[PDB]
Amino acid sequence: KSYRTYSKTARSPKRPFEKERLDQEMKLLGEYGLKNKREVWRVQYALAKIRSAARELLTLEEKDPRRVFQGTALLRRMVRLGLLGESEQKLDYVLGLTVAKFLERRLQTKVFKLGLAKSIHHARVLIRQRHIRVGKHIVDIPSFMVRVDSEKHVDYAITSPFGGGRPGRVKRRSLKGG
Amino acid sequence: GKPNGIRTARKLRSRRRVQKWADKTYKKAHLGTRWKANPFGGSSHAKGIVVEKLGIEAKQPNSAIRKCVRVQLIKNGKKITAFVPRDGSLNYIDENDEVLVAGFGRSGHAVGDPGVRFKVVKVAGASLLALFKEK
Amino acid sequence: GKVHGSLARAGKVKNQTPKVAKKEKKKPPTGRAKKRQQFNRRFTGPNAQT
Amino acid sequence: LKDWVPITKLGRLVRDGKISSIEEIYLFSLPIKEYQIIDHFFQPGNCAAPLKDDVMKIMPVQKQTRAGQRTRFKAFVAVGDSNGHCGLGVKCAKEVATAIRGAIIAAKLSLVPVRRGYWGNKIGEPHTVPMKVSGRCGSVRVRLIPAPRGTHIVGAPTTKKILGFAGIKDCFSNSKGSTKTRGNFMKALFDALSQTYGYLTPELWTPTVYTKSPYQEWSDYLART
Amino acid sequence: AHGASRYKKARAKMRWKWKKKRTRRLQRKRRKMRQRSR
Amino acid sequence: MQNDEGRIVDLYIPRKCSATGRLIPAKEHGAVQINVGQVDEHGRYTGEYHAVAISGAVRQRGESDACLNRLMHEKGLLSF
RNA sequence: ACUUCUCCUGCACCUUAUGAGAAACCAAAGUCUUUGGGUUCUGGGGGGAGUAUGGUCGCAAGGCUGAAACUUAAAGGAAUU
RNA sequence: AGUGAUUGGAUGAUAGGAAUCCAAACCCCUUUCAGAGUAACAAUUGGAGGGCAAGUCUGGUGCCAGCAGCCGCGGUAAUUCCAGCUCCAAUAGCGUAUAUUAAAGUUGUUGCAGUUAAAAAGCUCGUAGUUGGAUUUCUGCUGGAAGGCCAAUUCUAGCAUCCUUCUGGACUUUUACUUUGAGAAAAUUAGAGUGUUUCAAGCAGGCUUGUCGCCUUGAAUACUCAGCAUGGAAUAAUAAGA
């Protein structure tokens with residue numbers, strides 16, 4: 001009845017059990033500090049939208065007015081998102097993307113890359129416990145993905161102990177208790 | 001071989017609809033006999049009453065007595081034999097006790113060790129797994 | 001199959017076997033913390049009995 | 001291990017270090033009869049990269065004779081260094097490890113170069129089967145098709161390995177016939193990759209240079225024992 | 001049906017010529033019995 | 001087989017059979033390469049030659065020699 | 001009438017294939033994943049069954065057309081020891 | 001770099017306020033007094049012979065009970081049953097049943113098969129149906145407008161004997177075919193733009209001590225056999241034969 005669209009962000013692979021596949025996915029969990037195999041398949045699916053878009057465009061012709069429009073819009077996203085570097089703007093380059101390029105751009109890594117978090121796991125806990133101001137307002141969610149002008153901007157939230165606020169609750173219990 | 005020519009739509013189209021019926025799986029779908037056949041009504045599950053407790057023996061090589069139940073579907077009062085999964089549980093059934101029946105998972109046909117296509121999912125609504133587990 | 005196979009022995013081995021309780025042990029980690037442990041112990045068969 | 005005594009003209013030349021690399025041998029189409037020739041080119045560290053061997057399958061074979069049955073083991077082994085070099089070899093023997101030794105030797109002896117292409121635009125090292133190439137072996141048709149970059153390899157797990165050992169990054173596999181018989185399937189995939197150089201494009205319409213053979217230019221060494 | 005194979009006899013069997021005849025006698029009988037009940 | 005700007009990618013180029021103009025692969029062990037030596041006036045002489053190559057596809061027909069006549073009629077030194 | 005030689009049109013035969021096939025074998029079973037010259041008929045695991053019922057031809061014997069319930073993990077092909 | 005309950009100090013689940021929301025309650029978002037040390041605030045669901053990732057472990061049972069989608073385990077040493085321990089897979093989800101789609105080049109237009117595996121009517125005639133040989137203004141030079149790129153590629157006028165009734169349409173047998181164009185509701189679908197905190201979404205927003213606020217604000221665009229229209233030299237039907 002209600003006019004609300006909805007979609008599925010991921011889908012499971014055809015083979016359940018392959019030692020080639022399970023090993024290479026487990027590295028991506030171990031590097032970037034992920035909860036479960038759905039978080040990989042999300043990005044697996046998200047790439048294949050962008051990849052199948054370029055695969056459709058690249059078959060045609062460089063002077064065709066569909067490709068010059070829809071290509072330049074797609075390349076703007078990859079430059080904005082910090083996914084493809086700006087030195088190469090060819091549509092061909094989008095194909096040479098991998099899942100490691102997307103997973104380095106999410107906020108788990110860009111905290112750690114920043115280095116405030118120290119360790120991949122710690123960085124996820126800092127995000128979820130209401131620290132880390134991205135731009136103007138604070139962000140609670142690991143799978144954010146940063147737009148490259150915004151990346152310098154990540155900093156501890158004004159509120160909170162790292163930030164310069166009330167020291168949570170447990171430090172007060174020690175301080176008032178003593 | 002085939003007719004390739006541009007105006008040969010009828011011969012191509014007619015040959016499929018005729019020779020689709022040569023498939024075994026196509027006939028089980030598309031004939032009218034699906035609705036009369038089965039004790040189920042083209043349905044996933046069906047309740048019934050356990051008229052009798054029964055025992056049947058698996059065909060060689062395997063030998064044993066498998067412990068199944070004869071049931072009458074409420075809608076059609078059609079008798080069927082439903083296997084009881086797991087150790088024991090025969091005690092649990094009680095003659096005249098309503099039992100849910102589910103497909104054996106082979107689309108009728110037969111399972112493993114004779115002529116039984118159904119499994120009793122629940123007894124009195126309790127379900128078999130809860131009791132065997134005892135949870 | 002023959003109908004007159006007897007139903008006396010039903011629930012032999014469930015009733016036969018010796019009962020034994022589960023041991024109390026410290027809980028495993030779950031979710032992300034589980035996948036941390038599985039990552040490390042492989043890269044620094046998996047079940048090898050004596 | 002170990003200093004083998006080369007036998008034949010090719011064996012003598014390689015140990016000395018006169019023939020530079022295996023593309024010179026493949027040009028004039030000369031049969032490499034010892035595996036010690038091909039062991040020389042793929043040196044550890046130096047090879048870039050060393051040849052890699054994986055055992056595809058082990059199958060017990062039995063012959064019913066007189067009283068009792070005799071069983072031998074047939075070992076399929078593919079071997080390759082990523083970067084266009086691949087091979088495929090089989091041997092049977094009474095023990096398992098003795099089969100795999102000789103299977104790896106046979107795999108190295110049947111080592112075949114694989115040309116590789118681009119699918120449309122052509123920048124930055126080739127990554128694909130350069131056209132639609134079929135191979136057959138014993139009621140197993142296999143068809144390798146170029147895919148865009150990053151496509152990866154689409155095919156059976158067996159398919160991924162021995163295209164992997166070639167260095168082909170991207171593919172679309174089809175496979176008619178009984179792919180259950182892995183002995184025929186590997187040979188079908190292998191004889192597809194063997195035909196890549198054999199296929200004539202408009203890139204290779206220019207008439208050939210005709211250099212001297214390695215048998216020609218090092219004749220005076222092969223005079224003396 | 002059977003068509004061409006009809007008599008393949010790949011493995012120990014009754015023999016087709018005999019089988020066809022046996023079924024004919026069963027069938028012929030079916031007729032008079034069905035005409036008797038008219 | 002080029003890419004971007006120059007750089008003939010791939011390793012080596014298969015010889016093309018003279019009789020058919022079809023490429024000779026790596027594992028065709030029935031392939032041939034003949035050298036036929038030239039002569040000076042009142043020769044004598046060798047070392048300058050016409051090279052010529054032909055595949056095992058052509059040879060197993062029996063059509064090696066009939067094509068090899070044609071390939072050294074046009075050079076000069078036969079008169080068929 | 002016979003000898004030598006060429007032409008079409010017949011029934012075949014021998015030899016061989018980087019042509020094909022699962023193989024046996026095949027101048028067609030070749031030119032088919034490098035897949036499209038034109039067209040007719042037939043088949044879709046093995047039984048049940050060329051049975052049942054209905055139709056139609058037949059003086060009959062039977063012919064042509066022709067199901068289902070239930071049943072079953074193999075039937076079948078070519079070569080090897 | 002991993003382990004080791006060896007101690008060690010550093011956010012919301014919850015319960016109640018505040019304001020906000022709401023027609024009136026309520027939830028979200030804010031901020032608040034309490035609020036975790038086996039973090040007892042305790043993650044389960046299916047498996048561990050093969051296919052299928054993961055134990056020739058240890059007890060009990062002895063073709064029994066039972067497992068088992070298929071192949072197969074059990075007849076007194078069970079890598080499959082019933083348990084324990086350990087490990088694997090997915091994870092706030094996971095298993096089962098029925099129908100359906102891919103896998104199925106196992107319905108095959110693209111694209112199968114028919115000597116022996118399933119299958120060429122015993123053989124000729126034959127009406128629709130399907131499919132039908134070659135052949136009828138081709139070549140050349142001189143412009144013109146564009147045109148990508150450090151002259152090619154388009155389109156177009158002439159001249160080799162090329163209409164005219166007028167001042168754009170009439171004639172060129174007729175269609176199919178192809179091209180461009182009309183008209184065809186949105187939602188859904190692809191898709192332009194935009195940090196709903198991310199995201200599924202949504203169609204909003206964004207600048208700024210300025211006040212007739214501004215961005216003469218955005219919410220693009222595609223898609224929708226038969227029918228109507230049109231440029232065109234091939235191909236194929238079809239017509240004919242002053």
# chains A, B, ... in the order shown; residues from 1 in each chain; ligands from 1
>>> residues_around(residues="residue 26 in chain F", least_positions_apart="6", cutoff="10 Å", atoms="only C-alpha atoms (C1' of nucleotides)", output="ChimeraX atom specification")
/D:23,25-31,111-114,194-195,197-198 /F:14-15
>>> interface_residues(of="chain D", to="chain G", cutoff="8 Å", atoms="only C-alpha atoms (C1' of nucleotides)", output="MDAnalysis selection string")
chainID D and resid 63:65 134 138:139 141 143
>>> interface_residues(of="chain G", to="chain E", cutoff="12 Å", atoms="only C-alpha atoms (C1' of nucleotides)", output="PDB file with C-alpha atoms (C1' of nucleotides), in the first residue's frame")
ATOM      1  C1'   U G  42      10.886 -38.441 -35.400  1.00  0.00           C
ATOM      2  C1'   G G  43      13.231 -38.546 -30.034  1.00  0.00           C
ATOM      3  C1'   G G  46      14.389 -47.214 -17.442  1.00  0.00           C
ATOM      4  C1'   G G  47       9.581 -49.726 -16.755  1.00  0.00           C
ATOM      5  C1'   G G  48       4.111 -49.569 -16.659  1.00  0.00           C
ATOM      6  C1'   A G  49       2.954 -49.951 -22.600  1.00  0.00           C
ATOM      7  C1'   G G  50       2.438 -50.126 -27.913  1.00  0.00           C
ATOM      8  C1'   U G  51      -1.209 -51.992 -22.520  1.00  0.00           C
ATOM      9  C1'   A G  52      -6.213 -49.285 -20.798  1.00  0.00           C
ATOM     10  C1'   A G  61      -6.844 -61.730 -37.761  1.00  0.00           C
ATOM     11  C1'   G G  62      -5.542 -57.161 -36.369  1.00  0.00           C
ATOM     12  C1'   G G  66      -2.557 -43.592 -27.924  1.00  0.00           C
ATOM     13  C1'   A G  67      -2.700 -42.136 -22.045  1.00  0.00           C
ATOM     14  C1'   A G  75      18.656 -49.165 -18.053  1.00  0.00           C
ATOM     15  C1'   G G  76      21.659 -48.448 -22.699  1.00  0.00           C
ATOM     16  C1'   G G  77      26.378 -47.649 -26.321  1.00  0.00           C
TER      17        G G  77
END
>>> interface_residues(of="chain H", to="chain A", cutoff="8 Å", atoms="only C-alpha atoms (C1' of nucleotides)", output="number ranges by chain")
H: 10-11, 52-53, 91, 192, 197-198, 200-201
>>> write_last_selection(atoms="C-alpha atoms (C1' of nucleotides)", output="PDB file, in the first residue's frame")
ATOM      1  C1'   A H  10      39.827   4.168  31.236  1.00  0.00           C
ATOM      2  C1'   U H  11      29.745   3.625  25.793  1.00  0.00           C
ATOM      3  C1'   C H  52      30.742 -29.910   0.700  1.00  0.00           C
ATOM      4  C1'   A H  53      34.308 -26.661   4.428  1.00  0.00           C
ATOM      5  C1'   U H  91      25.347 -15.193  12.253  1.00  0.00           C
ATOM      6  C1'   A H 192      21.437  13.355 -13.699  1.00  0.00           C
ATOM      7  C1'   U H 197      24.828  10.869  10.397  1.00  0.00           C
ATOM      8  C1'   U H 198      25.958   5.959   6.663  1.00  0.00           C
ATOM      9  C1'   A H 200      17.390   1.125   2.189  1.00  0.00           C
ATOM     10  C1'   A H 201      15.296   5.726   1.073  1.00  0.00           C
TER      11        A H 201
END
>>> interface_residues(of="chain C", to="chain A", cutoff="12 Å", atoms="only C-alpha atoms", output="number ranges by chain")
C: 30-43
>>> write_last_selection(atoms="N, CA and C atoms", output="CSV table (one decimal), in the first residue's frame")
chain,number,residue,atom,x,y,z
C,30,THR,N,32.0,-13.5,20.3
C,30,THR,CA,31.0,-13.6,19.2
C,30,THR,C,31.1,-12.4,18.3
C,31,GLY,N,30.7,-12.6,17.0
C,31,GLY,CA,30.6,-11.6,16.0
C,31,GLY,C,31.9,-11.2,15.4
C,32,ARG,N,32.3,-10.0,15.7
C,32,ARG,CA,33.6,-9.4,15.2
C,32,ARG,C,34.8,-10.0,15.9
C,33,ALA,N,34.6,-10.1,17.3
C,33,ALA,CA,35.7,-10.6,18.1
C,33,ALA,C,36.0,-12.1,17.9
C,34,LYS,N,35.0,-12.9,17.4
C,34,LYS,CA,35.2,-14.3,17.0
C,34,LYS,C,36.1,-14.3,15.7
C,35,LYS,N,35.8,-13.5,14.7
C,35,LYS,CA,36.5,-13.4,13.5
C,35,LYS,C,37.9,-12.9,13.6
C,36,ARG,N,38.2,-12.1,14.7
C,36,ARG,CA,39.6,-11.8,15.1
C,36,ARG,C,40.4,-13.0,15.4
C,37,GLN,N,39.9,-13.9,16.3
C,37,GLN,CA,40.6,-15.1,16.7
C,37,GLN,C,40.8,-16.1,15.6
C,38,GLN,N,39.8,-16.3,14.8
C,38,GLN,CA,39.9,-17.2,13.6
C,38,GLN,C,41.0,-16.7,12.6
C,39,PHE,N,41.1,-15.4,12.4
C,39,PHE,CA,42.1,-14.8,11.5
C,39,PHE,C,43.5,-15.1,12.0
C,40,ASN,N,43.8,-14.9,13.3
C,40,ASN,CA,45.1,-15.0,13.9
C,40,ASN,C,45.7,-16.4,13.9
C,41,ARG,N,45.0,-17.3,14.5
C,41,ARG,CA,45.5,-18.7,14.7
C,41,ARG,C,45.7,-19.5,13.5
C,42,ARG,N,45.1,-19.2,12.4
C,42,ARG,CA,45.4,-19.8,11.1
C,42,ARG,C,46.8,-19.4,10.6
C,43,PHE,N,47.0,-18.1,10.4
C,43,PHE,CA,48.2,-17.5,9.8
C,43,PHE,C,49.3,-17.2,10.7
>>> residues_around(residues="residue 54 in chain F", least_positions_apart="4", cutoff="8 Å", atoms="only C-alpha atoms (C1' of nucleotides)", output="MDAnalysis selection string")
chainID F and resid 16:20 31:33 58:59 64
>>> atom_distance(atom1="CA of residue 150 in chain D", atom2="CA of residue 202 in chain D")
26.6 Å
>>> residues_around(residues="residue 73 in chain G", least_positions_apart="5", cutoff="12 Å", atoms="only C-alpha atoms (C1' of nucleotides)", output="number ranges by chain")
B: 110, 112; G: 45-46; H: 70-71
>>> write_last_selection(atoms="N, CA, C and O atoms (P, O5', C5', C4', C3', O3' and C1' of nucleotides)", output="PDB file, in the first residue's frame")
ATOM      1  N   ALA B 110      10.047 -41.282  -3.732  1.00  0.00           N
ATOM      2  CA  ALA B 110      10.322 -42.111  -2.566  1.00  0.00           C
ATOM      3  C   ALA B 110      11.582 -41.590  -1.912  1.00  0.00           C
ATOM      4  O   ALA B 110      12.348 -40.871  -2.542  1.00  0.00           O
ATOM      5  N   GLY B 112      14.556 -43.074   1.021  1.00  0.00           N
ATOM      6  CA  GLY B 112      15.651 -44.020   0.981  1.00  0.00           C
ATOM      7  C   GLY B 112      15.263 -45.463   1.203  1.00  0.00           C
ATOM      8  O   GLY B 112      14.648 -46.100   0.356  1.00  0.00           O
TER       9      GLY B 112
ATOM     10  P     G G  45      12.671 -39.205 -20.700  1.00  0.00           P
ATOM     11  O5'   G G  45      13.979 -39.711 -19.948  1.00  0.00           O
ATOM     12  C5'   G G  45      15.235 -39.833 -20.640  1.00  0.00           C
ATOM     13  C4'   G G  45      16.040 -40.971 -20.067  1.00  0.00           C
ATOM     14  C3'   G G  45      15.323 -42.309 -19.960  1.00  0.00           C
ATOM     15  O3'   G G  45      15.346 -43.008 -21.201  1.00  0.00           O
ATOM     16  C1'   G G  45      16.329 -41.814 -17.894  1.00  0.00           C
ATOM     17  P     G G  46      14.103 -43.927 -21.644  1.00  0.00           P
ATOM     18  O5'   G G  46      14.204 -45.165 -20.648  1.00  0.00           O
ATOM     19  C5'   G G  46      15.302 -46.091 -20.737  1.00  0.00           C
ATOM     20  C4'   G G  46      15.226 -47.113 -19.629  1.00  0.00           C
ATOM     21  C3'   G G  46      13.999 -48.008 -19.641  1.00  0.00           C
ATOM     22  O3'   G G  46      14.153 -49.090 -20.554  1.00  0.00           O
ATOM     23  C1'   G G  46      14.389 -47.214 -17.442  1.00  0.00           C
TER      24        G G  46
ATOM     25  P     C H  70      17.451 -39.961  -1.301  1.00  0.00           P
ATOM     26  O5'   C H  70      18.366 -39.538  -2.535  1.00  0.00           O
ATOM     27  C5'   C H  70      18.460 -40.362  -3.715  1.00  0.00           C
ATOM     28  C4'   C H  70      19.848 -40.293  -4.309  1.00  0.00           C
ATOM     29  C3'   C H  70      20.788 -41.423  -3.920  1.00  0.00           C
ATOM     30  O3'   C H  70      20.548 -42.587  -4.704  1.00  0.00           O
ATOM     31  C1'   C H  70      21.925 -39.349  -3.770  1.00  0.00           C
ATOM     32  P     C H  71      20.866 -44.039  -4.111  1.00  0.00           P
ATOM     33  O5'   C H  71      22.449 -44.013  -3.923  1.00  0.00           O
ATOM     34  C5'   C H  71      23.326 -44.205  -5.047  1.00  0.00           C
ATOM     35  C4'   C H  71      24.771 -44.036  -4.642  1.00  0.00           C
ATOM     36  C3'   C H  71      25.319 -45.044  -3.645  1.00  0.00           C
ATOM     37  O3'   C H  71      25.612 -46.282  -4.286  1.00  0.00           O
ATOM     38  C1'   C H  71      26.088 -42.862  -3.108  1.00  0.00           C
TER      39        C H  71
END
